[PDB]
$ cat upload02.txt   # compact mmCIF, C-alpha atoms and all ligand atoms
# COMPACT_ATOMS: atom_id res chain seq x y z
CA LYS A 1 -17.33 -11.31 8.74
CA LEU A 2 -16.18 -7.66 8.19
CA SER A 3 -17.65 -4.46 9.71
CA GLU A 4 -19.26 -2.07 7.16
CA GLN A 5 -16.04 0.06 7.30
CA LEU A 6 -13.80 -3.03 6.62
CA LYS A 7 -15.99 -3.87 3.53
CA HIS A 8 -15.25 -0.30 2.27
CA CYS A 9 -11.50 -0.98 2.99
CA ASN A 10 -11.74 -4.31 1.06
CA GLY A 11 -13.35 -2.39 -1.88
CA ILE A 12 -10.43 0.13 -1.83
CA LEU A 13 -7.91 -2.80 -1.73
CA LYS A 14 -9.59 -4.50 -4.75
CA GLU A 15 -9.45 -1.13 -6.64
CA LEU A 16 -5.71 -0.60 -5.77
CA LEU A 17 -5.03 -4.14 -7.20
CA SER A 18 -7.29 -3.59 -10.30
CA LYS A 19 -6.07 -3.19 -13.95
CA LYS A 20 -7.42 0.44 -13.79
CA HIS A 21 -4.35 1.49 -11.66
CA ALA A 22 -1.77 -1.16 -12.85
CA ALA A 23 0.44 1.48 -14.66
CA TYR A 24 1.47 2.98 -11.22
CA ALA A 25 0.29 0.29 -8.68
CA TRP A 26 2.65 -2.53 -9.89
CA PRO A 27 5.65 -1.61 -7.60
CA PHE A 28 3.32 -2.12 -4.54
CA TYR A 29 1.84 -5.52 -5.59
CA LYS A 30 4.47 -7.72 -3.82
CA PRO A 31 7.15 -7.33 -1.09
CA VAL A 32 10.26 -5.41 -2.32
CA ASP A 33 12.89 -8.08 -3.19
CA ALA A 34 15.80 -5.86 -2.02
CA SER A 35 18.50 -8.46 -3.03
CA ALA A 36 17.01 -9.09 -6.55
CA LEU A 37 16.84 -5.27 -7.21
CA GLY A 38 20.37 -4.72 -5.75
CA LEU A 39 18.91 -2.42 -3.00
CA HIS A 40 21.30 -3.85 -0.34
CA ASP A 41 20.54 -0.97 2.15
CA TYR A 42 16.70 -1.37 1.85
CA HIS A 43 16.20 -3.40 5.12
CA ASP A 44 18.64 -1.07 7.02
CA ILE A 45 16.46 1.99 6.06
CA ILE A 46 12.95 0.30 6.03
CA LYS A 47 12.32 -1.44 9.42
CA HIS A 48 8.66 -2.43 8.59
CA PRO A 49 8.23 -3.42 4.90
CA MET A 50 4.60 -3.43 3.63
CA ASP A 51 2.93 -4.12 0.24
CA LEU A 52 -0.60 -4.78 -1.13
CA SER A 53 -0.17 -8.65 -1.15
CA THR A 54 0.54 -8.48 2.66
CA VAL A 55 -2.47 -6.10 3.20
CA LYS A 56 -4.62 -8.60 1.16
CA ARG A 57 -3.41 -11.63 3.26
CA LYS A 58 -4.12 -9.66 6.52
CA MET A 59 -7.64 -8.68 5.22
CA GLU A 60 -8.36 -12.35 4.15
CA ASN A 61 -7.06 -13.61 7.59
CA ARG A 62 -9.34 -11.03 9.39
CA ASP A 63 -6.12 -9.57 10.94
CA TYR A 64 -7.47 -5.95 10.68
CA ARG A 65 -9.85 -5.22 13.60
CA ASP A 66 -10.86 -1.79 12.10
CA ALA A 67 -10.43 0.58 9.09
CA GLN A 68 -7.72 2.61 10.97
CA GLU A 69 -5.43 -0.49 11.23
CA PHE A 70 -5.91 -1.23 7.46
CA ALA A 71 -5.16 2.44 6.53
CA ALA A 72 -2.02 2.42 8.79
CA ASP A 73 -0.56 -0.49 6.70
CA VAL A 74 -1.48 1.16 3.33
CA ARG A 75 0.16 4.44 4.50
CA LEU A 76 3.20 2.55 5.95
CA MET A 77 3.68 1.10 2.40
CA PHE A 78 3.68 4.65 0.83
CA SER A 79 5.84 6.13 3.68
CA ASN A 80 8.50 3.37 3.07
CA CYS A 81 8.60 4.40 -0.63
CA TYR A 82 8.98 8.14 0.34
CA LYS A 83 11.70 7.31 2.95
CA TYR A 84 13.91 5.05 0.74
CA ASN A 85 13.71 6.67 -2.75
CA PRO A 86 14.78 10.12 -4.03
CA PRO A 87 11.64 12.35 -4.15
CA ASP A 88 12.01 12.97 -7.97
CA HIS A 89 12.18 9.19 -8.82
CA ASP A 90 9.47 7.51 -11.02
CA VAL A 91 8.55 5.07 -8.16
CA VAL A 92 7.76 8.09 -5.86
CA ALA A 93 5.53 9.61 -8.64
CA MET A 94 3.72 6.20 -8.83
CA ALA A 95 3.35 6.13 -4.97
CA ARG A 96 1.84 9.70 -4.99
CA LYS A 97 -0.70 8.69 -7.71
CA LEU A 98 -1.77 5.43 -5.95
CA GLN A 99 -1.92 7.28 -2.57
CA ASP A 100 -4.22 9.94 -4.19
CA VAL A 101 -6.53 7.02 -5.28
CA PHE A 102 -6.36 5.58 -1.70
CA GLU A 103 -6.83 8.87 0.26
CA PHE A 104 -9.81 10.17 -1.82
CA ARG A 105 -11.75 6.85 -1.56
CA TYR A 106 -10.75 6.26 2.14
CA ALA A 107 -12.25 9.77 2.80
CA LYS A 108 -15.65 8.40 1.49
CA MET A 109 -15.72 5.89 4.47
CA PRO A 110 -19.35 5.23 5.59
CA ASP A 111 -20.22 6.81 9.01
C1 LIG B 201 7.89 -0.23 -3.45
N1 LIG B 201 8.97 -0.10 -4.41
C2 LIG B 201 10.05 0.63 -4.18
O1 LIG B 201 10.21 1.33 -3.17
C3 LIG B 201 11.07 0.60 -5.23
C4 LIG B 201 12.27 1.20 -5.24
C5 LIG B 201 12.86 0.96 -6.52
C6 LIG B 201 14.17 1.46 -7.04
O2 LIG B 201 14.73 0.91 -7.99
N2 LIG B 201 14.67 2.53 -6.41
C7 LIG B 201 15.79 3.31 -6.93
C8 LIG B 201 15.63 4.78 -6.60
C9 LIG B 201 16.80 5.58 -7.17
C10 LIG B 201 18.12 5.08 -6.65
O3 LIG B 201 19.18 5.80 -7.28
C11 LIG B 201 18.28 3.59 -6.92
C12 LIG B 201 17.10 2.79 -6.39
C13 LIG B 201 11.96 0.20 -7.22
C14 LIG B 201 11.91 -0.40 -8.60
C15 LIG B 201 11.20 -1.75 -8.65
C16 LIG B 201 11.28 0.62 -9.55
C17 LIG B 201 9.92 0.90 -9.48
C18 LIG B 201 9.34 1.79 -10.37
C19 LIG B 201 10.11 2.42 -11.32
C20 LIG B 201 11.46 2.16 -11.40
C21 LIG B 201 12.05 1.26 -10.51
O4 LIG B 201 10.85 -0.03 -6.43
$ encode --input "upload02.txt" --output "structure tokens"
Amino acid sequence: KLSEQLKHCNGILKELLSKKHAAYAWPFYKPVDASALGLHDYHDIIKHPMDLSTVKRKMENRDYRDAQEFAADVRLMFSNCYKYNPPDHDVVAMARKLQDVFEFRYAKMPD
């Protein structure tokens, strides 16, 4: 069972993972494979990795007790991208676009 607010969160999560946003959402689908990408400093800079597959697992496992905890993980995922990457990089542009999708729909949370 989810609260009404956690159903809204699950709706947002489904949208973030949908083909509609795939052009800019794809970097956030799975955990960053730092070694495979040659980003050998990634885990020295990012102490708390997060991605949409981990958010999905936590939602499915009823890990999130409220909307605020869900939103904290989604924003942690974007913050990690903004911390690690140069601000003019394509991946940061993709993060900004997916975060715009997230923030505008999260704002429509039922009272
Ligand atoms: C959550 N993903 C990331 O933070 C991330 C970082 C990266 C990545 O390569 N970062 C660069 C930034 C510039 C620096 O000079 C070298 C490392 C990528 C990959 C996969 C990506 C995604 C999109 C476009 C292009 C490269 O993904």
$ residues_around --input "upload02.txt" --residues "residue 80 (chain A)" --least-positions-apart "6" --cutoff "9 Å" --atoms "only C-alpha atoms" --output "list in words"
residues 45, 46, 47, 48, 49 and 50 of chain A
$ residues_near_ligand --input "upload02.txt" --ligand "ligand LIG 201 (chain B)" --cutoff "10 Å" --atoms "all atoms listed in the file" --output "number ranges by chain"
A: 23-34, 36-42, 46, 49-52, 77-95
$ atom_distance --input "upload02.txt" --atom1 "CA of residue 74 (chain A)" --atom2 "CA of residue 58 (chain A)"
11.6 Å
$ atom_distance --input "upload02.txt" --atom1 "CA of residue 110 (chain A)" --atom2 "CA of residue 8 (chain A)"
7.6 Å
$ residues_near_point --input "upload02.txt" --point "(-17.9, -2.8, 8.7)" --cutoff "12 Å" --atoms "all atoms listed in the file" --output "PyMOL selection string"
chain A and resi 1-11+62+64-68+109-111
$ atom_distance --input "upload02.txt" --atom1 "CA of residue 72 (chain A)" --atom2 "CA of residue 22 (chain A)"
21.9 Å
$ axis_aligned_box --input "upload02.txt" --around "region 12-23 of chain A" --padding-each-side "8 Å" --output "lines of an AutoDock Vina configuration file"
center_x = -5.0
center_y = -1.5
center_z = -8.2
size_x = 26.9
size_y = 22.0
size_z = 28.9
$ closest_residue --input "upload02.txt" --among "A:59, A:98, A:76, A:107" --to "residue 18 (chain A)" --atoms "all atoms listed in the file"
A:98
$ closest_residue --input "upload02.txt" --among "A:54, A:97, A:44, A:61" --to "residue 13 (chain A)" --atoms "only C-alpha atoms"
A:54
$ closest_residue --input "upload02.txt" --among "A:14, A:56, A:75, A:19" --to "residue 100 (chain A)" --atoms "all atoms listed in the file"
A:75
$ closest_residue --input "upload02.txt" --among "A:17, A:101, A:71, A:12" --to "residue 53 (chain A)" --atoms "all atoms listed in the file"
A:17
$ decode --input "upload02.txt" --residues "region 60-108 of chain A" --atoms "C-alpha atoms" --output "mmCIF file, in the first residue's frame"
data_model
loop_
_atom_site.group_PDB
_atom_site.id
_atom_site.type_symbol
_atom_site.label_atom_id
_atom_site.label_comp_id
_atom_site.auth_asym_id
_atom_site.auth_seq_id
_atom_site.Cartn_x
_atom_site.Cartn_y
_atom_site.Cartn_z
ATOM 1 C CA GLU A 60 8.721 -1.322 -4.981
ATOM 2 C CA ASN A 61 10.191 -2.421 -1.562
ATOM 3 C CA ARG A 62 8.015 0.262 0.223
ATOM 4 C CA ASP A 63 11.320 1.767 1.534
ATOM 5 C CA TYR A 64 9.974 5.385 1.169
ATOM 6 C CA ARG A 65 7.746 6.274 4.167
ATOM 7 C CA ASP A 66 6.678 9.631 2.555
ATOM 8 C CA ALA A 67 6.962 11.849 -0.587
ATOM 9 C CA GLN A 68 9.768 13.947 1.053
ATOM 10 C CA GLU A 69 12.064 10.851 1.347
ATOM 11 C CA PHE A 70 11.383 9.930 -2.351
ATOM 12 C CA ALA A 71 12.096 13.541 -3.496
ATOM 13 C CA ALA A 72 15.354 13.613 -1.407
ATOM 14 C CA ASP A 73 16.687 10.594 -3.423
ATOM 15 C CA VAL A 74 15.606 12.080 -6.821
ATOM 16 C CA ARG A 75 17.315 15.409 -5.901
ATOM 17 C CA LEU A 76 20.422 13.567 -4.512
ATOM 18 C CA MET A 77 20.713 11.941 -8.013
ATOM 19 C CA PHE A 78 20.647 15.413 -9.749
ATOM 20 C CA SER A 79 22.957 17.013 -7.092
ATOM 21 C CA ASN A 80 25.567 14.215 -7.696
ATOM 22 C CA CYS A 81 25.479 15.058 -11.450
ATOM 23 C CA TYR A 82 25.928 18.842 -10.686
ATOM 24 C CA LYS A 83 28.778 18.122 -8.175
ATOM 25 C CA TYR A 84 30.852 15.738 -10.386
ATOM 26 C CA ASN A 85 30.479 17.188 -13.930
ATOM 27 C CA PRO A 86 31.501 20.567 -15.440
ATOM 28 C CA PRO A 87 28.367 22.804 -15.508
ATOM 29 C CA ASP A 88 28.541 23.239 -19.365
ATOM 30 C CA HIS A 89 28.652 19.416 -20.032
ATOM 31 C CA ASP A 90 25.824 17.652 -22.010
ATOM 32 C CA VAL A 91 25.046 15.361 -18.986
ATOM 33 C CA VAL A 92 24.385 18.491 -16.796
ATOM 34 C CA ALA A 93 22.021 19.888 -19.536
ATOM 35 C CA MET A 94 20.192 16.492 -19.465
ATOM 36 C CA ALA A 95 20.021 16.613 -15.595
ATOM 37 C CA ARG A 96 18.530 20.185 -15.703
ATOM 38 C CA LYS A 97 15.842 19.066 -18.244
ATOM 39 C CA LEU A 98 14.852 15.896 -16.268
ATOM 40 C CA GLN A 99 14.884 17.916 -12.983
ATOM 41 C CA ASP A 100 12.515 20.501 -14.614
ATOM 42 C CA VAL A 101 10.138 17.552 -15.431
ATOM 43 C CA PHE A 102 10.493 16.285 -11.804
ATOM 44 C CA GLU A 103 10.139 19.673 -9.983
ATOM 45 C CA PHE A 104 7.053 20.885 -11.972
ATOM 46 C CA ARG A 105 5.120 17.595 -11.448
ATOM 47 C CA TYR A 106 6.304 17.180 -7.783
ATOM 48 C CA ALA A 107 4.861 20.728 -7.213
ATOM 49 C CA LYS A 108 1.393 19.325 -8.278
#
